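Engineer: Let me begin by handing over the structure; questions about it come next.
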Amino acid sequence: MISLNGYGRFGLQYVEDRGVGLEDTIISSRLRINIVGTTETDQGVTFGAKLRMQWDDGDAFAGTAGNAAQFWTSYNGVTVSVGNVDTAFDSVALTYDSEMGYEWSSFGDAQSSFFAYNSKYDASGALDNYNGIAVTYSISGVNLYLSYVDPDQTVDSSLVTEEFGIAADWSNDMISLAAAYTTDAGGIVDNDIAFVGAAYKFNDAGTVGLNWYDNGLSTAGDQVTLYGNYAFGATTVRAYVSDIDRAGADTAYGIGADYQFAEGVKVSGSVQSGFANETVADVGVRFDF
Amino acid sequence: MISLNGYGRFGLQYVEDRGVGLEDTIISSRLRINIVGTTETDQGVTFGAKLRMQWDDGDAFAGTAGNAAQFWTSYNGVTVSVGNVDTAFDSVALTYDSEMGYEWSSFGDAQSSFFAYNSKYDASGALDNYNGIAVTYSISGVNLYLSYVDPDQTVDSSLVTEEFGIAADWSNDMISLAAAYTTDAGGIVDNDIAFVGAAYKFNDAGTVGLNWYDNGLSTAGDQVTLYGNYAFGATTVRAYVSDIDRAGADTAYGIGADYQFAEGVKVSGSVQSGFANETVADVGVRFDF
Amino acid sequence: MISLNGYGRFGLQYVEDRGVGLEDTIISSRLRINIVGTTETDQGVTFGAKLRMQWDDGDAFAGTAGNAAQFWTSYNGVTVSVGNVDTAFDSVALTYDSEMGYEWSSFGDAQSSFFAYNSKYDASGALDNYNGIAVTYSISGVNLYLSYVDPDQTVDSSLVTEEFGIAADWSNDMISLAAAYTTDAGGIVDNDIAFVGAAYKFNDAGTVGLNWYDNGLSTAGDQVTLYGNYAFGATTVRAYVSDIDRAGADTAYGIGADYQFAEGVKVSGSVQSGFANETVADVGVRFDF
Ligand SMILES: CCCCCCCCOCCOCCOCCOCCO
Ligand SMILES: CCCCCCCCOCCOCCOCCOCCO
Ligand SMILES: CCCCCCCCOCCOCCOCCOCCO
Ligand SMILES: CCCCCCCCOCCOCCOCCOCCO
Ligand SMILES: CCCCCCCCOCCOCCOCCOCCO
Ligand SMILES: CCCCCCCCOCCOCCOCCOCCO
Ligand SMILES: CCCCCCCCOCCOCCOCCOCCO
Ligand SMILES: CCCCCCCCOCCOCCOCCOCCO
Ligand SMILES: CCCCCCCCOCCOCCOCCOCCO
Ligand SMILES: [Mg+2]
Ligand SMILES: [Mg+2]
Ligand SMILES: [Mg+2]
């Protein structure tokens, strides 16, 4: 069986004083199509393969292509994936929950470098022999994630830096906890990064959380992000504040809102301020199909 | 929801004395696939996104890729589209009705340069930040079209030439009228082009029309195309004559026929003569799927 | 109508002493998606078009694209195809039946150069004007194949070498015979190649066959491959031995097995030895979707 799914989004993206001779406000948009092939068996083992075709405004050649494939095998809550895999630091819960606006962005996201699923081709040639293995285990309320990425699998193993990641999250109706650790993140020797977060659903309607990171070799140093969101019917209001250890950095913050226009159609906007005083804003729509 | 549609065509394409050491007759063919994602809402607003994958004989690398995305929102007869849009001069009725043969070609089509939906990627890099907005309004028998294209939306607005177009058409059972005007067509300063056309369905079976153009900065100058077609059961016969103002040009003309082999399968052929005496012919099949 | 089908495969591929500083064992995988558009008519003539998107580990840019299109028309057992066609030497029965392992490989396959369907784009530009015509006729038990490939159809016909192929196979419940001949195979003047094979289903469970080739200008010279396979319930065991005329070559051989895990899911592995003493092994899974 083959299924197709995806989303389109478009809106306005503003970056205060973007550059000499550049418009500060542009129309930013994205089309994402996922192609998933799955083979179910009566033994209960499912096999799957996925390809993505994603276009973003500004993409070279005004064209769209597929990325590198991902393959998986699932059985009894356990999933093993190979190729262009989802990594542990990128898949744990809570770590991206301060994002807002129609492009799901936040200065409060981790300021470190690490491997993650590659949505597109890479013209530099750097990903040509990139290969990962990931294992996930979902055991009710608990999620475990393990990932191993070799950026160049054809070359002798001791000549390249491989990334090893581990993560777990846990939740009930009111509290959630999550932690992750990755050594040689992004294939950079000694770039060891870590995350610990927690969130409290202080209602049926609100949530408040705190994420802490060790950003490894990044110049940002350690980081803390405090965020919250509250739903009033179809409208959701979001906010965050984030601090990094880099000398002289400003406190980053953001405020945004979402409006659920219909099932699968969401209008979102945000106004945010960065660690170097950058001001960014956006307003747009995303529709899922 | 995601749907796929398209067409394949193949046949013989003859160009008298095509070039030293070249075959005059080749097998010309095209595969077009459209991928359309749509999200309908109970409020009556539809959201859509489309991508095209088109291959033509001769394409570089013997490969096929997607083009840049188009997004739209429709409500009550009004459609707003963004990104790789259909433009007013290219979407009005009548302007391409002298086309014939299995590749829908005619020297009687406008001999001007203007933006239109881009079916493929562009390796020159020229379309990378190209972005348009279009608005169409279909109000029974009447169609209005407006389009605005900025060929490089990231650069300051006064540093690039944007194309603005407007058009309308109108029809009843027997007469049709259409007009279009576009300033700085193709992003070329002062290339202002215009079209006015009319057609008469002088039966249930025949139609005769006349299109007039102002080709802006093109060397062709003003142009007039007179065409007609007549259906005899499954067979359609077509003809046209066209004249341009360029000094010394020949009168262009063409004669062709279509045969409706089955629903979605059409066999077509034509013999045509250009403004510089070029002789071209074709015969082939198109099938829609 | 548009349908999608394909397969994913992944596993381990070992090549003894692959190269200085290279891993001998890698994770080799492939994702293949076929997109087929078909138009059926009440006259009984079917029209079709197909595109393939295939990714293999190691592919340049870590991306996937479509290949060049193939078009066909079928009526009463006869199929005419144009564009990126299947060729006679590549489509006859028996010629690849010694293959084994999850990548369907065998040193006992013909060691000659010839055109075949191109699964991917070609960055060299060599296939840009490549165009073939093929005709197949399936007349109960009998299959005839004819193919003509012009590697550069736009250039004068006497300036390029075209490949012409013919083949036939025939089978009943127990015996199968097949033969093929291709002149100027691969567009190489005087590279004339030929195949003759036969197989005997010495049970409901086993088969033994012998293929002979004339490899044209290849340095391998003539070749003979003897192979067999036997099914024990869900498990199939395969073997082959092959000899070429090249001076000093070793006898190539291979032994493998397949396990039918479920409909559409097959686990396969093989250990093989080449004409230059290369040792190769593989174990993996293929799943069809
Ligand atoms: C096989 C899938 C198609 C992907 C191949 C595209 C290869 C194009 O690059 C060739 C080398 O030139 C470098 C291109 O510039 C960077 C492009 O991508 C960045 C997205 O905006
Ligand atoms: C023309 C350039 C500016 C384009 C940016 C659009 C920015 C618009 O969005 C502003 C951010 O929206 C957040 C509002 O704060 C929440 C208000 O109170 C909650 C109920 O709506
Ligand atoms: C008319 C000249 C072009 C100047 C361009 C400015 C046009 C602004 O956008 C108009 C339509 O397209 C884009 C944005 O989508 C709107 C955002 O979110 C939805 C409703 O709150
Ligand atoms: C991202 C979609 C893939 C499109 C990228 C292809 C880029 C190839 O070009 C790289 C630069 O070299 C120039 C190519 O020659 C022109 C090709 O297109 C013309 C169609 O026949
Ligand atoms: C071998 C090179 C020539 C390939 C070109 C094929 C050209 C064939 O088509 C000729 C054009 O067909 C138009 C006929 O005029 C209409 C006739 O009367 C109407 C009822 O059929
Ligand atoms: C046999 C040597 C190759 C010489 C090539 C000429 C072959 C001509 O075309 C044969 C089949 O393929 C293409 C054309 O489709 C026919 C056109 O329209 C349909 C019926 O009127
Ligand atoms: C139009 C479909 C996209 C295919 C175009 C890709 C073109 C990229 O090449 C541009 C020129 O540079 C040469 C690339 O190196 C070889 C790539 O393919 C081999 C597969 O591993
Ligand atoms: C770690 C590198 C080695 C990876 C190669 C895996 C090779 C494994 O497969 C060995 C080949 O399998 C063939 C067995 O011979 C058939 C046995 O008897 C029949 C019933 O199973
Ligand atoms: C753990 C460090 C990484 C070392 C890589 C070796 C891992 C070997 O493969 C594990 C999973 O992925 C690949 C192979 O599929 C297995 C083959 O066939 C199926 C069962 O017989
Ligand atoms: Mg953008
Ligand atoms: Mg063509
Ligand atoms: Mg491989």
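Every chain in the structure tokens takes a letter, A first, then B, and so on in the order presented; its residues are numbered from 1, and the ligands are numbered from 1 following the presented order.
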Could you tell me, as a PyMOL selection string, which residues of stretch 22-254 of chain B DSSP assigns to alpha helix (DSSP H) when given the backbone?
Structural biologist: chain B and resi 88-91
Engineer: Each residue of chain B with at least one atom at most 7 Å from chain C should appear once, together with its nearest atom pair and the corresponding distance in Å (one decimal); atoms considered: only C-alpha atoms; ordering: chain, then increasing residue number; output as JSON lines.
Structural biologist:
```
{"residue": "B:4", "atom": "CA", "partner": "C:2", "partner_atom": "CA", "distance": 6.7}
{"residue": "B:5", "atom": "CA", "partner": "C:2", "partner_atom": "CA", "distance": 6.9}
{"residue": "B:8", "atom": "CA", "partner": "C:49", "partner_atom": "CA", "distance": 6.2}
{"residue": "B:21", "atom": "CA", "partner": "C:156", "partner_atom": "CA", "distance": 5.3}
{"residue": "B:22", "atom": "CA", "partner": "C:155", "partner_atom": "CA", "distance": 4.4}
{"residue": "B:23", "atom": "CA", "partner": "C:156", "partner_atom": "CA", "distance": 4.9}
{"residue": "B:26", "atom": "CA", "partner": "C:154", "partner_atom": "CA", "distance": 6.4}
{"residue": "B:31", "atom": "CA", "partner": "C:69", "partner_atom": "CA", "distance": 6.5}
{"residue": "B:55", "atom": "CA", "partner": "C:68", "partner_atom": "CA", "distance": 6.8}
{"residue": "B:57", "atom": "CA", "partner": "C:129", "partner_atom": "CA", "distance": 6.7}
{"residue": "B:58", "atom": "CA", "partner": "C:129", "partner_atom": "CA", "distance": 5.0}
{"residue": "B:59", "atom": "CA", "partner": "C:128", "partner_atom": "CA", "distance": 6.0}
{"residue": "B:60", "atom": "CA", "partner": "C:128", "partner_atom": "CA", "distance": 5.6}
{"residue": "B:61", "atom": "CA", "partner": "C:125", "partner_atom": "CA", "distance": 5.0}
{"residue": "B:62", "atom": "CA", "partner": "C:128", "partner_atom": "CA", "distance": 4.9}
{"residue": "B:63", "atom": "CA", "partner": "C:67", "partner_atom": "CA", "distance": 4.3}
{"residue": "B:64", "atom": "CA", "partner": "C:66", "partner_atom": "CA", "distance": 4.5}
{"residue": "B:65", "atom": "CA", "partner": "C:65", "partner_atom": "CA", "distance": 5.7}
{"residue": "B:262", "atom": "CA", "partner": "C:41", "partner_atom": "CA", "distance": 6.1}
{"residue": "B:287", "atom": "CA", "partner": "C:39", "partner_atom": "CA", "distance": 6.6}
{"residue": "B:288", "atom": "CA", "partner": "C:39", "partner_atom": "CA", "distance": 6.6}
{"residue": "B:289", "atom": "CA", "partner": "C:1", "partner_atom": "CA", "distance": 4.9}
```
Engineer: Those selected residues, please, written with C-alpha atoms and delivered as an mmCIF file, in the first residue's frame.
Structural biologist:
```cif
data_model
loop_
_atom_site.group_PDB
_atom_site.id
_atom_site.type_symbol
_atom_site.label_atom_id
_atom_site.label_comp_id
_atom_site.auth_asym_id
_atom_site.auth_seq_id
_atom_site.Cartn_x
_atom_site.Cartn_y
_atom_site.Cartn_z
ATOM 1 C CA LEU B 4 -2.940 12.836 -9.063
ATOM 2 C CA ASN B 5 -3.858 13.526 -12.680
ATOM 3 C CA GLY B 8 0.963 11.398 -21.834
ATOM 4 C CA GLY B 21 23.444 17.192 -39.378
ATOM 5 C CA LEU B 22 20.054 17.026 -37.603
ATOM 6 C CA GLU B 23 17.092 14.777 -38.371
ATOM 7 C CA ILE B 26 11.887 13.286 -34.426
ATOM 8 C CA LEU B 31 4.633 13.048 -19.636
ATOM 9 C CA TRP B 55 9.212 15.417 -18.676
ATOM 10 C CA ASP B 57 11.980 14.570 -24.932
ATOM 11 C CA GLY B 58 15.384 16.288 -24.957
ATOM 12 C CA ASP B 59 15.230 17.282 -21.234
ATOM 13 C CA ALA B 60 18.605 17.650 -19.615
ATOM 14 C CA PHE B 61 19.874 14.679 -17.620
ATOM 15 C CA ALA B 62 17.126 12.337 -18.890
ATOM 16 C CA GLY B 63 15.358 13.031 -15.560
ATOM 17 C CA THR B 64 12.210 14.580 -14.123
ATOM 18 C CA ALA B 65 11.722 16.838 -11.119
ATOM 19 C CA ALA B 262 -12.378 7.599 -27.074
ATOM 20 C CA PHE B 287 -4.236 10.353 -23.548
ATOM 21 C CA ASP B 288 -5.501 11.789 -20.247
ATOM 22 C CA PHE B 289 -5.305 9.792 -17.014
#
```
Engineer: Can I have chain C aligned to chain B? Use a least-squares fit on all Cα atoms paired in order and write it out as a compact mmCIF listing (two decimals) with C-alpha atoms, in the first residue's frame.
Structural biologist:
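This is the output file part18.txt:
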```txt
# COMPACT_ATOMS: atom_id res chain seq x y z
CA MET C 1 -6.89 14.79 0.29
CA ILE C 2 -4.22 14.29 -2.43
CA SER C 3 -5.10 13.62 -6.08
CA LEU C 4 -2.94 12.84 -9.06
CA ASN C 5 -3.86 13.53 -12.68
CA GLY C 6 -2.00 14.09 -15.94
CA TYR C 7 -1.49 13.10 -19.54
CA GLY C 8 0.96 11.40 -21.83
CA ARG C 9 1.46 12.29 -25.52
CA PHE C 10 3.77 11.02 -28.24
CA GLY C 11 4.01 11.29 -32.04
CA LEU C 12 6.14 12.65 -34.88
CA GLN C 13 7.33 16.23 -35.09
CA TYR C 14 8.74 17.53 -38.39
CA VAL C 15 10.62 20.78 -38.83
CA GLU C 16 11.73 21.43 -42.42
CA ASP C 17 15.53 21.77 -42.57
CA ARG C 18 15.97 21.76 -38.80
CA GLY C 19 19.77 22.20 -38.82
CA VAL C 20 23.00 20.87 -40.31
CA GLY C 21 23.44 17.19 -39.38
CA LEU C 22 20.05 17.03 -37.60
CA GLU C 23 17.09 14.78 -38.37
CA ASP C 24 14.13 16.89 -39.50
CA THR C 25 11.67 14.40 -38.06
CA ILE C 26 11.89 13.29 -34.43
CA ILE C 27 9.63 11.41 -31.94
CA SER C 28 8.44 14.13 -29.60
CA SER C 29 6.72 13.18 -26.36
CA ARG C 30 5.72 14.52 -22.97
CA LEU C 31 4.63 13.05 -19.64
CA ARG C 32 2.81 15.45 -17.27
CA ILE C 33 1.80 14.55 -13.70
CA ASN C 34 -0.02 17.06 -11.45
CA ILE C 35 -0.10 16.46 -7.68
CA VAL C 36 -2.86 18.43 -5.97
CA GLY C 37 -3.46 18.55 -2.20
CA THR C 38 -6.78 20.09 -1.05
CA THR C 39 -8.34 20.76 2.34
CA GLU C 40 -12.09 21.49 2.28
CA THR C 41 -13.71 23.16 5.32
CA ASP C 42 -17.33 23.30 6.50
CA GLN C 43 -17.13 27.08 6.26
CA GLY C 44 -16.98 26.64 2.45
CA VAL C 45 -13.33 27.87 2.13
CA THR C 46 -11.13 25.42 0.19
CA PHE C 47 -7.32 25.46 0.51
CA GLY C 48 -5.12 23.83 -2.13
CA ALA C 49 -1.53 23.31 -3.17
CA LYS C 50 -0.19 21.93 -6.46
CA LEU C 51 3.07 20.57 -7.75
CA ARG C 52 3.86 19.46 -11.36
CA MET C 53 6.36 16.81 -12.59
CA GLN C 54 6.76 17.14 -16.36
CA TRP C 55 9.21 15.42 -18.68
CA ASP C 56 9.78 16.31 -22.35
CA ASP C 57 11.98 14.57 -24.93
CA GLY C 58 15.38 16.29 -24.96
CA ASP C 59 15.23 17.28 -21.23
CA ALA C 60 18.61 17.65 -19.62
CA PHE C 61 19.87 14.68 -17.62
CA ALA C 62 17.13 12.34 -18.89
CA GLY C 63 15.36 13.03 -15.56
CA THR C 64 12.21 14.58 -14.12
CA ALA C 65 11.72 16.84 -11.12
CA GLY C 66 8.96 18.88 -9.53
CA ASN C 67 8.50 22.62 -10.23
CA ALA C 68 7.90 25.41 -7.63
CA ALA C 69 4.63 25.20 -5.67
CA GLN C 70 1.38 27.06 -6.17
CA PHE C 71 -1.07 27.65 -3.25
CA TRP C 72 -4.68 28.88 -3.36
CA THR C 73 -7.70 29.68 -1.23
CA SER C 74 -11.20 29.67 -2.78
CA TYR C 75 -14.47 30.99 -1.44
CA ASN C 76 -17.70 31.89 -3.23
CA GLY C 77 -16.37 32.09 -6.79
CA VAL C 78 -13.26 34.04 -5.68
CA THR C 79 -9.81 32.37 -5.81
CA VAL C 80 -6.62 33.88 -4.44
CA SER C 81 -3.36 32.13 -5.44
CA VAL C 82 0.23 32.65 -4.39
CA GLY C 83 3.66 31.45 -5.51
CA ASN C 84 3.96 29.95 -9.03
CA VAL C 85 0.65 31.43 -10.26
CA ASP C 86 -1.37 31.42 -13.44
CA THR C 87 -1.21 34.93 -14.94
CA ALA C 88 -3.95 37.00 -16.50
CA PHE C 89 -2.60 37.15 -20.06
CA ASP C 90 -2.08 33.39 -20.03
CA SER C 91 -5.44 32.50 -18.49
CA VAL C 92 -8.03 34.51 -20.46
CA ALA C 93 -10.28 32.66 -22.91
CA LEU C 94 -9.87 32.68 -26.69
CA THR C 95 -6.20 33.72 -26.87
CA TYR C 96 -4.94 30.17 -27.62
CA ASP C 97 -7.91 28.85 -29.64
CA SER C 98 -6.10 28.78 -32.96
CA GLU C 99 -3.75 26.02 -31.65
CA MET C 100 -3.73 22.65 -33.41
CA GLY C 101 -1.83 19.38 -33.78
CA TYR C 102 -0.94 17.01 -30.92
CA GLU C 103 1.31 19.63 -29.33
CA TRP C 104 -1.28 22.48 -29.38
CA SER C 105 0.91 24.89 -31.34
CA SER C 106 0.15 27.86 -33.59
CA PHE C 107 2.09 30.73 -35.15
CA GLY C 108 -1.17 32.64 -34.58
CA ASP C 109 -0.60 32.66 -30.79
CA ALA C 110 0.69 36.03 -29.46
CA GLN C 111 4.32 36.75 -30.34
CA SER C 112 5.19 38.56 -27.08
CA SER C 113 7.07 37.68 -23.87
CA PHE C 114 5.12 37.46 -20.64
CA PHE C 115 5.16 35.44 -17.40
CA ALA C 116 3.03 32.31 -17.14
CA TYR C 117 2.82 29.27 -14.85
CA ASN C 118 6.28 27.60 -14.85
CA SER C 119 5.89 23.91 -15.53
CA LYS C 120 9.45 22.95 -14.65
CA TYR C 121 12.50 23.92 -12.59
CA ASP C 122 14.88 26.53 -14.12
CA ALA C 123 18.61 25.64 -13.96
CA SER C 124 19.70 29.27 -14.58
CA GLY C 125 18.63 30.25 -11.03
CA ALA C 126 16.47 33.03 -12.49
CA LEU C 127 13.22 31.82 -10.89
CA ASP C 128 14.59 31.13 -7.35
CA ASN C 129 12.83 34.05 -5.63
CA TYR C 130 10.06 34.45 -8.18
CA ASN C 131 6.69 34.96 -6.46
CA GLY C 132 3.28 35.95 -7.76
CA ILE C 133 -0.18 36.68 -6.38
CA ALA C 134 -3.25 36.15 -8.57
CA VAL C 135 -6.96 36.73 -8.01
CA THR C 136 -9.77 35.31 -10.13
CA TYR C 137 -13.49 35.97 -9.90
CA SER C 138 -15.99 33.85 -11.86
CA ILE C 139 -19.42 35.58 -11.75
CA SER C 140 -21.57 33.59 -14.22
CA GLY C 141 -20.56 33.88 -17.88
CA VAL C 142 -18.00 36.48 -16.73
CA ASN C 143 -14.43 35.77 -15.67
CA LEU C 144 -12.07 38.41 -14.27
CA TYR C 145 -8.33 37.78 -13.78
CA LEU C 146 -5.68 39.85 -12.03
CA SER C 147 -2.04 38.86 -11.54
CA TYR C 148 1.03 40.47 -10.01
CA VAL C 149 4.43 38.81 -10.39
CA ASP C 150 7.63 39.92 -8.65
CA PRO C 151 10.56 38.03 -10.22
CA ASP C 152 12.75 38.48 -7.18
CA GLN C 153 10.75 39.10 -4.03
CA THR C 154 13.68 39.24 -1.61
CA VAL C 155 15.31 42.32 -3.23
CA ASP C 156 13.99 45.81 -2.58
CA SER C 157 10.81 46.43 -4.55
CA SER C 158 12.01 49.53 -6.43
CA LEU C 159 15.05 47.66 -7.74
CA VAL C 160 13.13 45.06 -9.82
CA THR C 161 10.46 45.27 -12.51
CA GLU C 162 7.20 43.62 -11.48
CA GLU C 163 4.56 42.46 -13.98
CA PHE C 164 0.94 43.51 -13.50
CA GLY C 165 -1.80 41.95 -15.56
CA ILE C 166 -5.54 42.19 -15.92
CA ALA C 167 -8.05 40.32 -18.05
CA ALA C 168 -11.69 39.47 -18.58
CA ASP C 169 -13.79 37.24 -20.76
CA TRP C 170 -17.50 36.84 -21.33
CA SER C 171 -19.58 34.36 -23.18
CA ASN C 172 -23.12 33.23 -23.93
CA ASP C 173 -24.14 30.33 -26.19
CA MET C 174 -23.05 32.00 -29.45
CA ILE C 175 -20.63 34.92 -28.93
CA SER C 176 -17.50 35.25 -26.78
CA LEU C 177 -15.40 38.30 -26.07
CA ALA C 178 -12.08 38.56 -24.21
CA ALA C 179 -9.49 41.23 -23.52
CA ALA C 180 -6.27 41.42 -21.56
CA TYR C 181 -3.59 43.99 -20.78
CA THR C 182 -0.26 43.50 -19.00
CA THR C 183 2.33 46.14 -18.12
CA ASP C 184 6.04 45.34 -17.99
CA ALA C 185 5.27 41.86 -19.27
CA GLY C 186 7.99 39.32 -18.51
CA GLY C 187 9.62 41.79 -16.14
CA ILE C 188 10.80 43.89 -19.16
CA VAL C 189 10.38 47.63 -18.62
CA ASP C 190 7.90 49.18 -21.05
CA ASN C 191 6.93 45.83 -22.63
CA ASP C 192 3.21 46.60 -22.45
CA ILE C 193 1.05 44.05 -24.24
CA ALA C 194 -2.64 43.73 -25.00
CA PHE C 195 -5.16 41.37 -26.49
CA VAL C 196 -8.72 41.67 -27.70
CA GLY C 197 -10.58 38.77 -29.22
CA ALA C 198 -14.02 37.58 -30.22
CA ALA C 199 -15.54 34.36 -31.48
CA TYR C 200 -18.87 33.30 -32.94
CA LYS C 201 -20.25 29.76 -32.71
CA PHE C 202 -21.87 29.86 -36.16
CA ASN C 203 -23.50 26.51 -35.45
CA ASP C 204 -23.50 23.75 -32.84
CA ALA C 205 -20.55 22.49 -34.90
CA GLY C 206 -18.44 25.45 -36.04
CA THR C 207 -16.68 28.46 -34.59
CA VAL C 208 -14.86 31.41 -36.20
CA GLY C 209 -12.78 33.93 -34.29
CA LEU C 210 -10.43 36.85 -34.54
CA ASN C 211 -7.72 37.76 -32.06
CA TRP C 212 -5.74 41.00 -32.18
CA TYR C 213 -2.56 41.69 -30.20
CA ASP C 214 -0.23 44.50 -29.33
CA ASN C 215 3.05 42.61 -28.80
CA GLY C 216 4.78 45.38 -26.87
CA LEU C 217 8.55 45.48 -27.48
CA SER C 218 8.55 42.29 -29.59
CA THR C 219 9.90 42.71 -33.15
CA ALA C 220 6.66 41.21 -34.47
CA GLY C 221 4.70 44.42 -33.82
CA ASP C 222 0.88 44.19 -33.86
CA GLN C 223 -0.75 40.97 -34.93
CA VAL C 224 -4.04 39.60 -36.09
CA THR C 225 -5.08 35.96 -36.15
CA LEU C 226 -8.19 34.65 -37.86
CA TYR C 227 -9.15 31.07 -37.10
CA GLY C 228 -11.94 28.58 -37.33
CA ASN C 229 -12.85 25.00 -36.54
CA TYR C 230 -15.60 22.59 -37.48
CA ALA C 231 -16.69 19.28 -35.96
CA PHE C 232 -18.02 16.41 -38.07
CA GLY C 233 -18.93 13.71 -35.50
CA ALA C 234 -15.65 12.61 -33.84
CA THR C 235 -13.46 14.59 -36.25
CA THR C 236 -12.59 18.27 -35.82
CA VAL C 237 -10.97 20.31 -38.60
CA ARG C 238 -9.03 23.49 -37.71
CA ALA C 239 -7.42 26.35 -39.63
CA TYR C 240 -5.90 29.80 -39.05
CA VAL C 241 -4.13 32.62 -40.85
CA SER C 242 -2.01 35.19 -38.98
CA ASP C 243 -0.22 38.41 -39.91
CA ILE C 244 2.33 40.44 -37.99
CA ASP C 245 3.59 43.98 -38.68
CA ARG C 246 7.30 43.03 -38.94
CA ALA C 247 8.72 44.26 -42.24
CA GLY C 248 8.87 41.52 -44.86
CA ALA C 249 7.14 38.81 -42.80
CA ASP C 250 5.15 36.10 -44.61
CA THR C 251 1.54 35.33 -43.70
CA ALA C 252 1.50 32.39 -41.32
CA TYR C 253 -1.13 29.72 -41.72
CA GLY C 254 -2.05 26.25 -40.55
CA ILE C 255 -4.48 23.43 -41.14
CA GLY C 256 -5.04 20.47 -38.82
CA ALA C 257 -7.47 17.88 -37.52
CA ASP C 258 -8.39 16.09 -34.35
CA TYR C 259 -9.98 12.68 -33.99
CA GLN C 260 -11.66 11.74 -30.68
CA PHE C 261 -10.77 8.06 -30.50
CA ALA C 262 -12.38 7.60 -27.07
CA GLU C 263 -13.09 9.62 -23.96
CA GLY C 264 -9.68 11.02 -22.93
CA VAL C 265 -7.85 9.80 -26.09
CA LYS C 266 -7.30 12.26 -28.95
CA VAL C 267 -5.31 11.81 -32.19
CA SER C 268 -4.22 15.14 -33.74
CA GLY C 269 -2.03 16.40 -36.56
CA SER C 270 -1.26 19.69 -38.31
CA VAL C 271 0.79 21.25 -41.12
CA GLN C 272 1.81 24.87 -40.49
CA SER C 273 3.84 27.64 -42.13
CA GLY C 274 5.54 30.42 -40.17
CA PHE C 275 6.28 34.15 -40.50
CA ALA C 276 9.78 33.33 -41.85
CA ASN C 277 8.56 30.58 -44.13
CA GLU C 278 9.37 27.73 -41.68
CA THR C 279 7.37 24.56 -42.43
CA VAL C 280 6.36 22.38 -39.49
CA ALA C 281 4.12 19.32 -39.22
CA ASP C 282 3.07 16.87 -36.51
CA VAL C 283 0.89 13.79 -35.91
CA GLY C 284 0.41 12.12 -32.53
CA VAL C 285 -1.81 10.99 -29.65
CA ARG C 286 -2.59 12.43 -26.29
CA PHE C 287 -4.24 10.35 -23.55
CA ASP C 288 -5.50 11.79 -20.25
CA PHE C 289 -5.30 9.79 -17.01
```
